[PDB]
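> Coordinates in run10.pdb, PDB, C-alpha atoms, are listed below.
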```pdb
ATOM      1  CA  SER X 118     -31.605  14.378  34.403
ATOM      2  CA  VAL X 119     -29.088  14.469  31.527
ATOM      3  CA  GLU X 120     -30.205  13.350  28.065
ATOM      4  CA  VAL X 121     -27.821  11.928  25.461
ATOM      5  CA  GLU X 122     -28.531  12.071  21.726
ATOM      6  CA  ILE X 123     -26.617   9.862  19.289
ATOM      7  CA  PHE X 124     -25.574  10.953  15.791
ATOM      8  CA  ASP X 125     -23.853   8.803  13.167
ATOM      9  CA  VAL X 126     -21.170   9.915  10.709
ATOM     10  CA  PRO X 127     -19.284   7.865   8.077
ATOM     11  CA  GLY X 128     -15.781   8.565   9.383
ATOM     12  CA  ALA X 129     -13.731  10.688  11.745
ATOM     13  CA  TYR X 130     -13.169  13.319   9.042
ATOM     14  CA  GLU X 131     -16.892  14.175   9.210
ATOM     15  CA  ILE X 132     -16.925  14.939  12.956
ATOM     16  CA  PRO X 133     -15.827  18.624  13.163
ATOM     17  CA  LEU X 134     -18.450  19.910  10.713
ATOM     18  CA  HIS X 135     -21.232  17.907  12.366
ATOM     19  CA  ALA X 136     -20.146  19.208  15.774
ATOM     20  CA  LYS X 137     -20.113  22.796  14.505
ATOM     21  CA  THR X 138     -23.580  22.374  12.990
ATOM     22  CA  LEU X 139     -24.991  20.894  16.203
ATOM     23  CA  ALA X 140     -23.330  23.451  18.488
ATOM     24  CA  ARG X 141     -24.705  26.523  16.710
ATOM     25  CA  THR X 142     -28.314  25.495  17.438
ATOM     26  CA  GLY X 143     -27.874  25.736  21.195
ATOM     27  CA  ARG X 144     -29.780  22.859  22.754
ATOM     28  CA  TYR X 145     -26.582  21.146  23.935
ATOM     29  CA  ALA X 146     -24.297  21.894  26.869
ATOM     30  CA  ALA X 147     -21.508  19.665  25.522
ATOM     31  CA  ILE X 148     -20.543  17.566  22.508
ATOM     32  CA  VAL X 149     -18.655  14.258  22.485
ATOM     33  CA  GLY X 150     -16.892  12.836  19.445
ATOM     34  CA  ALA X 151     -15.882   9.166  19.382
ATOM     35  CA  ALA X 152     -13.768   7.491  16.707
ATOM     36  CA  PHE X 153     -11.072   4.839  16.289
ATOM     37  CA  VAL X 154      -8.332   6.025  13.916
ATOM     38  CA  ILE X 155      -5.781   3.295  13.187
ATOM     39  CA  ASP X 156      -2.881   2.706  10.810
ATOM     40  CA  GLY X 157      -4.033   0.227   8.176
ATOM     41  CA  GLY X 158      -0.525  -0.512   6.932
ATOM     42  CA  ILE X 159      -1.160   0.866   3.428
ATOM     43  CA  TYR X 160      -1.753   4.624   3.727
ATOM     44  CA  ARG X 161      -0.465   7.144   6.246
ATOM     45  CA  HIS X 162      -3.073   8.047   8.857
ATOM     46  CA  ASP X 163      -1.524  10.879  10.894
ATOM     47  CA  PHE X 164      -2.762  13.636   8.568
ATOM     48  CA  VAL X 165      -6.436  12.812   9.131
ATOM     49  CA  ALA X 166      -6.031  12.460  12.902
ATOM     50  CA  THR X 167      -4.186  15.777  13.153
ATOM     51  CA  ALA X 168      -6.824  17.502  11.023
ATOM     52  CA  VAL X 169      -9.682  16.073  13.096
ATOM     53  CA  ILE X 170      -8.161  17.052  16.449
ATOM     54  CA  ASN X 171      -7.309  20.551  15.219
ATOM     55  CA  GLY X 172     -10.776  21.003  13.732
ATOM     56  CA  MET X 173     -12.486  19.914  16.937
ATOM     57  CA  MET X 174     -10.377  22.409  18.891
ATOM     58  CA  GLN X 175     -11.189  25.145  16.363
ATOM     59  CA  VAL X 176     -14.930  24.444  16.573
ATOM     60  CA  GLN X 177     -14.693  24.427  20.372
ATOM     61  CA  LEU X 178     -13.050  27.854  20.380
ATOM     62  CA  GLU X 179     -15.420  29.211  17.718
ATOM     63  CA  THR X 180     -18.764  28.190  19.225
ATOM     64  CA  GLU X 181     -17.907  28.456  22.958
ATOM     65  CA  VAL X 182     -19.330  24.954  23.484
ATOM     66  CA  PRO X 183     -17.152  22.252  25.099
ATOM     67  CA  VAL X 184     -16.151  19.367  22.836
ATOM     68  CA  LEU X 185     -14.841  16.191  24.461
ATOM     69  CA  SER X 186     -12.452  14.047  22.430
ATOM     70  CA  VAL X 187     -12.711  10.255  22.385
ATOM     71  CA  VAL X 188     -10.856  10.064  19.068
ATOM     72  CA  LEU X 189      -8.046   7.639  19.885
ATOM     73  CA  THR X 190      -5.081   6.470  17.808
ATOM     74  CA  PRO X 191      -3.339   3.309  19.069
ATOM     75  CA  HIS X 192       0.364   2.723  18.577
ATOM     76  CA  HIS X 193      -0.251  -0.690  16.983
ATOM     77  CA  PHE X 194      -3.413  -2.394  15.743
ATOM     78  CA  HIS X 195      -2.973  -5.388  13.428
ATOM     79  CA  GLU X 196      -6.637  -6.546  13.501
ATOM     80  CA  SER X 197      -5.568  -9.776  15.214
ATOM     81  CA  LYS X 198      -7.771 -11.511  17.768
ATOM     82  CA  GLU X 199      -5.578 -10.361  20.662
ATOM     83  CA  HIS X 200      -5.703  -6.711  19.583
ATOM     84  CA  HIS X 201      -9.490  -6.704  19.167
ATOM     85  CA  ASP X 202     -10.295  -7.865  22.703
ATOM     86  CA  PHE X 203      -7.911  -5.433  24.411
ATOM     87  CA  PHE X 204      -9.368  -2.298  22.836
ATOM     88  CA  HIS X 205     -12.900  -3.698  23.025
ATOM     89  CA  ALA X 206     -12.371  -3.840  26.793
ATOM     90  CA  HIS X 207     -10.507  -0.523  27.088
ATOM     91  CA  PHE X 208     -13.141   1.580  25.331
ATOM     92  CA  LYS X 209     -15.521   1.027  28.269
ATOM     93  CA  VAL X 210     -13.029   2.691  30.616
ATOM     94  CA  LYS X 211     -12.557   5.450  28.051
ATOM     95  CA  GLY X 212     -16.311   6.055  27.933
ATOM     96  CA  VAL X 213     -16.610   6.222  31.721
ATOM     97  CA  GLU X 214     -13.742   8.719  31.853
ATOM     98  CA  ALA X 215     -15.404  10.803  29.136
ATOM     99  CA  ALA X 216     -18.695  10.861  31.054
ATOM    100  CA  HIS X 217     -16.991  12.057  34.234
ATOM    101  CA  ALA X 218     -15.037  14.701  32.314
ATOM    102  CA  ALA X 219     -18.171  16.006  30.590
ATOM    103  CA  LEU X 220     -20.086  16.312  33.858
ATOM    104  CA  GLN X 221     -17.196  18.075  35.586
ATOM    105  CA  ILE X 222     -16.540  20.537  32.755
ATOM    106  CA  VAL X 223     -20.217  21.464  32.413
ATOM    107  CA  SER X 224     -20.449  22.067  36.163
ATOM    108  CA  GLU X 225     -17.268  24.167  36.144
ATOM    109  CA  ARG X 226     -18.457  26.337  33.252
ATOM    110  CA  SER X 227     -21.798  26.854  34.995
ATOM    111  CA  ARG X 228     -19.969  27.866  38.178
ATOM    112  CA  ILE X 229     -17.584  30.362  36.573
ATOM    113  CA  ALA X 230     -20.472  31.811  34.559
ATOM    114  CA  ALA X 231     -21.635  33.351  37.877
TER
ATOM    115  CA  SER V 118      18.117 -34.061 -13.266
ATOM    116  CA  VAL V 119      18.035 -32.005 -10.042
ATOM    117  CA  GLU V 120      16.240 -33.452  -7.013
ATOM    118  CA  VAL V 121      14.682 -31.322  -4.269
ATOM    119  CA  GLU V 122      14.128 -32.555  -0.711
ATOM    120  CA  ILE V 123      11.792 -30.732   1.676
ATOM    121  CA  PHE V 124      12.396 -30.357   5.418
ATOM    122  CA  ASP V 125      10.032 -28.766   7.940
ATOM    123  CA  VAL V 126      11.038 -26.640  10.930
ATOM    124  CA  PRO V 127       8.823 -24.866  13.504
ATOM    125  CA  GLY V 128      10.122 -21.344  12.896
ATOM    126  CA  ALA V 129      12.823 -19.292  11.230
ATOM    127  CA  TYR V 130      15.012 -19.474  14.346
ATOM    128  CA  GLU V 131      15.448 -23.219  13.714
ATOM    129  CA  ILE V 132      16.785 -22.831  10.153
ATOM    130  CA  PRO V 133      20.554 -22.215  10.648
ATOM    131  CA  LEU V 134      21.115 -25.311  12.799
ATOM    132  CA  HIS V 135      19.131 -27.530  10.426
ATOM    133  CA  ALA V 136      21.094 -26.145   7.475
ATOM    134  CA  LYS V 137      24.395 -26.783   9.250
ATOM    135  CA  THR V 138      23.353 -30.337  10.132
ATOM    136  CA  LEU V 139      22.326 -31.060   6.540
ATOM    137  CA  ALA V 140      25.468 -29.476   5.074
ATOM    138  CA  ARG V 141      28.008 -31.636   6.926
ATOM    139  CA  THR V 142      26.570 -34.823   5.391
ATOM    140  CA  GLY V 143      27.514 -33.832   1.858
ATOM    141  CA  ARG V 144      24.727 -35.085  -0.374
ATOM    142  CA  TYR V 145      23.600 -31.547  -1.251
ATOM    143  CA  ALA V 146      25.059 -28.988  -3.639
ATOM    144  CA  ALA V 147      22.971 -26.151  -2.170
ATOM    145  CA  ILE V 148      20.552 -25.361   0.651
ATOM    146  CA  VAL V 149      17.509 -23.072   0.489
ATOM    147  CA  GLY V 150      15.806 -21.571   3.526
ATOM    148  CA  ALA V 151      12.301 -20.114   3.228
ATOM    149  CA  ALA V 152      10.476 -18.177   5.939
ATOM    150  CA  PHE V 153       8.102 -15.242   6.409
ATOM    151  CA  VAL V 154       9.167 -13.062   9.351
ATOM    152  CA  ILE V 155       6.656 -10.294  10.066
ATOM    153  CA  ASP V 156       6.011  -7.716  12.779
ATOM    154  CA  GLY V 157       3.017  -8.875  14.806
ATOM    155  CA  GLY V 158       2.506  -5.514  16.493
ATOM    156  CA  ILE V 159       3.211  -6.841  20.003
ATOM    157  CA  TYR V 160       6.884  -7.874  20.136
ATOM    158  CA  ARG V 161       9.907  -6.575  18.262
ATOM    159  CA  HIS V 162      10.917  -8.892  15.425
ATOM    160  CA  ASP V 163      14.201  -7.494  14.078
ATOM    161  CA  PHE V 164      16.386  -9.397  16.558
ATOM    162  CA  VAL V 165      15.269 -12.809  15.291
ATOM    163  CA  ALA V 166      15.587 -11.818  11.628
ATOM    164  CA  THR V 167      19.084 -10.416  12.161
ATOM    165  CA  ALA V 168      20.131 -13.543  14.054
ATOM    166  CA  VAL V 169      18.752 -15.853  11.358
ATOM    167  CA  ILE V 170      20.430 -14.015   8.474
ATOM    168  CA  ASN V 171      23.755 -13.825  10.316
ATOM    169  CA  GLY V 172      23.574 -17.498  11.275
ATOM    170  CA  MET V 173      22.826 -18.572   7.716
ATOM    171  CA  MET V 174      25.824 -16.568   6.497
ATOM    172  CA  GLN V 175      28.003 -18.094   9.228
ATOM    173  CA  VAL V 176      26.938 -21.635   8.305
ATOM    174  CA  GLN V 177      27.566 -20.844   4.633
ATOM    175  CA  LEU V 178      31.112 -19.703   5.397
ATOM    176  CA  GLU V 179      31.751 -22.591   7.805
ATOM    177  CA  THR V 180      30.624 -25.518   5.646
ATOM    178  CA  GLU V 181      31.580 -24.165   2.182
ATOM    179  CA  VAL V 182      28.076 -25.002   0.934
ATOM    180  CA  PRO V 183      25.917 -22.283  -0.674
ATOM    181  CA  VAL V 184      22.841 -21.245   1.302
ATOM    182  CA  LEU V 185      20.161 -19.311  -0.573
ATOM    183  CA  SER V 186      17.978 -16.987   1.493
ATOM    184  CA  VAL V 187      14.226 -16.713   0.946
ATOM    185  CA  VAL V 188      13.704 -15.342   4.458
ATOM    186  CA  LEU V 189      11.772 -12.139   3.774
ATOM    187  CA  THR V 190      10.606  -9.384   6.124
ATOM    188  CA  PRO V 191       7.909  -7.062   4.728
ATOM    189  CA  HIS V 192       7.669  -3.421   5.723
ATOM    190  CA  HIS V 193       3.994  -3.793   6.689
ATOM    191  CA  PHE V 194       1.770  -6.840   7.140
ATOM    192  CA  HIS V 195      -1.496  -6.335   9.035
ATOM    193  CA  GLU V 196      -3.028  -9.759   8.198
ATOM    194  CA  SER V 197      -5.799  -8.033   6.234
ATOM    195  CA  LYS V 198      -7.309  -9.585   3.120
ATOM    196  CA  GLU V 199      -5.462  -7.163   0.833
ATOM    197  CA  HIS V 200      -2.081  -7.943   2.404
ATOM    198  CA  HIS V 201      -2.568 -11.715   2.192
ATOM    199  CA  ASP V 202      -3.221 -11.850  -1.557
ATOM    200  CA  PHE V 203      -0.298  -9.592  -2.490
ATOM    201  CA  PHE V 204       2.362 -11.667  -0.743
ATOM    202  CA  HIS V 205       0.627 -14.913  -1.705
ATOM    203  CA  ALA V 206       1.163 -13.827  -5.315
ATOM    204  CA  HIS V 207       4.671 -12.407  -4.822
ATOM    205  CA  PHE V 208       6.151 -15.527  -3.235
ATOM    206  CA  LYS V 209       5.823 -17.366  -6.568
ATOM    207  CA  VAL V 210       8.116 -14.810  -8.212
ATOM    208  CA  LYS V 211      10.454 -15.093  -5.233
ATOM    209  CA  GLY V 212      10.608 -18.872  -5.645
ATOM    210  CA  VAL V 213      11.353 -18.646  -9.368
ATOM    211  CA  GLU V 214      14.141 -16.149  -8.679
ATOM    212  CA  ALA V 215      15.563 -18.443  -5.993
ATOM    213  CA  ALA V 216      15.567 -21.407  -8.385
ATOM    214  CA  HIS V 217      17.442 -19.446 -11.046
ATOM    215  CA  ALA V 218      19.940 -18.157  -8.478
ATOM    216  CA  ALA V 219      20.594 -21.651  -7.114
ATOM    217  CA  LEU V 220      21.216 -23.100 -10.570
ATOM    218  CA  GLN V 221      23.543 -20.248 -11.528
ATOM    219  CA  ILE V 222      25.566 -20.359  -8.303
ATOM    220  CA  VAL V 223      26.020 -24.137  -8.456
ATOM    221  CA  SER V 224      27.199 -23.879 -12.065
ATOM    222  CA  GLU V 225      29.606 -21.052 -11.201
ATOM    223  CA  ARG V 226      31.122 -22.947  -8.271
ATOM    224  CA  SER V 227      31.566 -26.000 -10.493
ATOM    225  CA  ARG V 228      33.290 -23.794 -13.076
ATOM    226  CA  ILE V 229      35.739 -22.133 -10.681
ATOM    227  CA  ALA V 230      36.477 -25.501  -9.066
ATOM    228  CA  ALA V 231      38.358 -26.339 -12.305
TER
END
```
Represent the structure contained in this file as structure tokens.

Amino acid sequence: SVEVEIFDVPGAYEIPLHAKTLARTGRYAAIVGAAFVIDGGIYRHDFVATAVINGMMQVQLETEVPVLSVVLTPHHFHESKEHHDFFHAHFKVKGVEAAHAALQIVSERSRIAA
Amino acid sequence: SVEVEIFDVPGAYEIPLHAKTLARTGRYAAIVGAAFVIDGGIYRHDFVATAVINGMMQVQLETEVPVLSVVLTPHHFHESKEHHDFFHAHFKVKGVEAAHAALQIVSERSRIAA
């Protein structure tokens, strides 16, 4: 009964504007943004993550459309073989949690909308 | 005129005992220890580095034989392609510096030994 549409963006920095553009057309009861923001060991990465999270919250408050966050920043990721498998396995659990959260929040908004 | 002998050890933790064993036999005017101690992103690495540096200093003071340190700990090493080339290039400069330091310290000890 629920249809999912997939949109591609180059990086996490491009997510808030795409979400705002998609939300203003109606047609969607919720929006999910997924990204993997890691520390590459050369440049600082916290600025971009903070900007993306804040922008997603701002778009959510502006357009009155729920935005679920699957933008995750691990404590350590050294691109080793051990690190790859762990997060490769954990993102499935993250996706299931996001699906449950989206369903619940849409139902709750529909209920309180009388 | 100067001869160099190469000895292999499994890890940096094995260096102080090998240096002490080699020092008590005479036969060597200096000892050089080379290792690359990095943070793998899973376990803390500063304990081993601190222990190795302190043990090398202790052996140096115990046996009255100079011990040059080429045990280096980078701020960041994420095993990426960019990181590999940089340190691969820098270790040559480190080795040249170590050679000059060893020659100078041996000459200075010979001088002050009257």
> Identify which of the residues X:223, X:159, X:167, X:211 lies closest to chain V, counting only C-alpha atoms when measuring atom-to-atom distances.
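Residue with the minimum atom-to-atom distance to chain V: X:159.
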> So that I can check the surroundings of residue 180 in chain V, please list as a list in words every protein, DNA and RNA residue that reaches within 9 Å of it, counting all atoms listed in the file and ignoring chain neighbours fewer than 3 positions away.
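Neighbouring residues, sequence-local ones excluded: residues 137, 140, 141, 175, 176, 177 and 183 of chain V.
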> Just need chain V moved onto chain X: least-squares over all Cα atoms matched in order, then output as a compact mmCIF listing (two decimals) with C-alpha atoms, in the frame of the given file.

```
# COMPACT_ATOMS: atom_id res chain seq x y z
CA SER V 118 -31.62 14.36 34.41
CA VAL V 119 -29.08 14.47 31.54
CA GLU V 120 -30.21 13.34 28.09
CA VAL V 121 -27.84 11.92 25.46
CA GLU V 122 -28.53 12.06 21.72
CA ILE V 123 -26.62 9.87 19.27
CA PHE V 124 -25.57 10.95 15.77
CA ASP V 125 -23.86 8.78 13.15
CA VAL V 126 -21.18 9.91 10.71
CA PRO V 127 -19.26 7.87 8.09
CA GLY V 128 -15.77 8.58 9.40
CA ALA V 129 -13.73 10.71 11.76
CA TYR V 130 -13.15 13.33 9.05
CA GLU V 131 -16.88 14.17 9.20
CA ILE V 132 -16.93 14.92 12.95
CA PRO V 133 -15.83 18.60 13.17
CA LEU V 134 -18.45 19.88 10.72
CA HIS V 135 -21.23 17.89 12.39
CA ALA V 136 -20.14 19.20 15.79
CA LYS V 137 -20.11 22.78 14.51
CA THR V 138 -23.57 22.37 12.96
CA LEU V 139 -24.97 20.94 16.20
CA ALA V 140 -23.31 23.59 18.37
CA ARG V 141 -24.84 26.64 16.67
CA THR V 142 -28.38 25.44 17.47
CA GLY V 143 -27.88 25.73 21.22
CA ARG V 144 -29.78 22.84 22.76
CA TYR V 145 -26.58 21.13 23.94
CA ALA V 146 -24.30 21.87 26.88
CA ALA V 147 -21.51 19.65 25.51
CA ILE V 148 -20.55 17.58 22.48
CA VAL V 149 -18.67 14.27 22.47
CA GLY V 150 -16.89 12.83 19.44
CA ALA V 151 -15.90 9.16 19.37
CA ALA V 152 -13.76 7.50 16.70
CA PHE V 153 -11.07 4.84 16.28
CA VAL V 154 -8.33 6.01 13.90
CA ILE V 155 -5.78 3.28 13.19
CA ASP V 156 -2.88 2.69 10.80
CA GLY V 157 -4.02 0.21 8.17
CA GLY V 158 -0.51 -0.50 6.92
CA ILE V 159 -1.16 0.87 3.42
CA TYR V 160 -1.74 4.63 3.74
CA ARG V 161 -0.44 7.15 6.25
CA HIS V 162 -3.06 8.04 8.85
CA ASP V 163 -1.54 10.88 10.91
CA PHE V 164 -2.76 13.64 8.57
CA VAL V 165 -6.44 12.82 9.13
CA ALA V 166 -6.03 12.47 12.90
CA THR V 167 -4.18 15.78 13.15
CA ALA V 168 -6.82 17.51 11.03
CA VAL V 169 -9.68 16.08 13.10
CA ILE V 170 -8.16 17.06 16.45
CA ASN V 171 -7.30 20.56 15.23
CA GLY V 172 -10.77 21.01 13.73
CA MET V 173 -12.48 19.91 16.93
CA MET V 174 -10.39 22.41 18.90
CA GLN V 175 -11.19 25.14 16.37
CA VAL V 176 -14.93 24.44 16.59
CA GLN V 177 -14.69 24.42 20.39
CA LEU V 178 -13.05 27.85 20.38
CA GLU V 179 -15.42 29.22 17.72
CA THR V 180 -18.77 28.20 19.22
CA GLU V 181 -17.90 28.45 22.96
CA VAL V 182 -19.31 24.95 23.48
CA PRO V 183 -17.15 22.24 25.09
CA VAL V 184 -16.15 19.36 22.81
CA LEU V 185 -14.86 16.21 24.48
CA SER V 186 -12.48 14.05 22.44
CA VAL V 187 -12.72 10.26 22.40
CA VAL V 188 -10.86 10.07 19.08
CA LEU V 189 -8.05 7.64 19.90
CA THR V 190 -5.09 6.46 17.81
CA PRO V 191 -3.35 3.30 19.07
CA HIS V 192 0.36 2.72 18.58
CA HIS V 193 -0.26 -0.69 16.98
CA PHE V 194 -3.42 -2.40 15.74
CA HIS V 195 -2.97 -5.39 13.43
CA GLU V 196 -6.64 -6.55 13.51
CA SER V 197 -5.57 -9.78 15.22
CA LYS V 198 -7.77 -11.50 17.79
CA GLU V 199 -5.56 -10.35 20.67
CA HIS V 200 -5.70 -6.70 19.58
CA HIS V 201 -9.48 -6.70 19.16
CA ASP V 202 -10.30 -7.87 22.69
CA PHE V 203 -7.92 -5.44 24.41
CA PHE V 204 -9.37 -2.30 22.84
CA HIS V 205 -12.90 -3.70 23.03
CA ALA V 206 -12.37 -3.84 26.79
CA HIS V 207 -10.50 -0.52 27.09
CA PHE V 208 -13.14 1.58 25.33
CA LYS V 209 -15.52 1.02 28.27
CA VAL V 210 -13.03 2.69 30.61
CA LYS V 211 -12.56 5.45 28.05
CA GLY V 212 -16.32 6.05 27.93
CA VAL V 213 -16.62 6.21 31.72
CA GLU V 214 -13.75 8.71 31.86
CA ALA V 215 -15.40 10.80 29.14
CA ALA V 216 -18.70 10.86 31.05
CA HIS V 217 -17.00 12.05 34.24
CA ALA V 218 -15.04 14.69 32.32
CA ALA V 219 -18.17 16.00 30.60
CA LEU V 220 -20.09 16.31 33.86
CA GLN V 221 -17.19 18.07 35.59
CA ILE V 222 -16.55 20.53 32.75
CA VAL V 223 -20.23 21.46 32.43
CA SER V 224 -20.43 22.07 36.19
CA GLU V 225 -17.25 24.17 36.14
CA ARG V 226 -18.46 26.33 33.26
CA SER V 227 -21.77 26.86 35.06
CA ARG V 228 -19.84 27.88 38.18
CA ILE V 229 -17.54 30.40 36.48
CA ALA V 230 -20.50 31.81 34.54
CA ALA V 231 -21.64 33.30 37.89
```
> Neighbouring residues of residue 222 in chain X were defined as those with any atom within 12 Å, considering all atoms listed in the file; residues of the same chain fewer than 5 positions away were excluded. Please report them as a list in words.
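What passes the distance filter is residues 146, 147, 148, 182, 183, 184, 185, 215, 216, 217, 227, 228 and 229 of chain X.
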> Those same residues - C-alpha atoms - I'd like them written as a compact mmCIF listing (two decimals), in the frame of the given file.

```
# COMPACT_ATOMS: atom_id res chain seq x y z
CA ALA X 146 -24.30 21.89 26.87
CA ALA X 147 -21.51 19.66 25.52
CA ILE X 148 -20.54 17.57 22.51
CA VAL X 182 -19.33 24.95 23.48
CA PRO X 183 -17.15 22.25 25.10
CA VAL X 184 -16.15 19.37 22.84
CA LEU X 185 -14.84 16.19 24.46
CA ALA X 215 -15.40 10.80 29.14
CA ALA X 216 -18.70 10.86 31.05
CA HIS X 217 -16.99 12.06 34.23
CA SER X 227 -21.80 26.85 34.99
CA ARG X 228 -19.97 27.87 38.18
CA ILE X 229 -17.58 30.36 36.57
```
> I need the chain V residues near chain X as a list in words; criterion: at most 12 Å, counting all atoms listed in the file.
residues 155, 156, 157, 158, 159, 160, 161, 191, 192, 193, 194, 195, 196, 197, 198, 199 and 200 of chain V
> Between CA of residue 171 in chain V and CA of residue 221 in chain V, what is the spacing in Å?
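Between CA of residue 221 in chain V and CA of residue 171 in chain V the gap is 22.8 Å.
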> What would the selection look like, as an MDAnalysis selection string, if the PyMOL selection byres ((chain V and resi 165) around 12) were run on the coordinates I just shared?
chainID V and resid 128:133 152:156 160:164 166:172 188 190
> What gap, in Å, lies between CA of residue 206 in chain V and CA of residue 151 in chain V?
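Computing it gives 15.4 Å between the two atoms.
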> Please indicate the distance in Å from CA of residue 203 in chain X to CA of residue 127 in chain X, rounded to one decimal place.
23.9 Å
> Output the residue selection produced by the PyMOL selection byres ((chain X and resi 120) around 12) on the file above, formatted as a ChimeraX atom specification.
/X:118-119,121-123,144-148
> Return the single residue from X:187, X:178, X:126, X:136 that is closest to residue 212 in chain X, with distances computed using all atoms listed in the file.
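Looking only at the distances to residue 212 in chain X, the closest residue turns out to be X:187.
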> So for range 197-202 of chain V, what box centre and size do we get, axis-aligned, 4 Å extra on each of the six sides, every listed atom, Å to one decimal, as JSON?

```
{"center_x": -4.7, "center_y": -9.5, "center_z": 2.3, "size_x": 13.2, "size_y": 12.7, "size_z": 15.8}
```
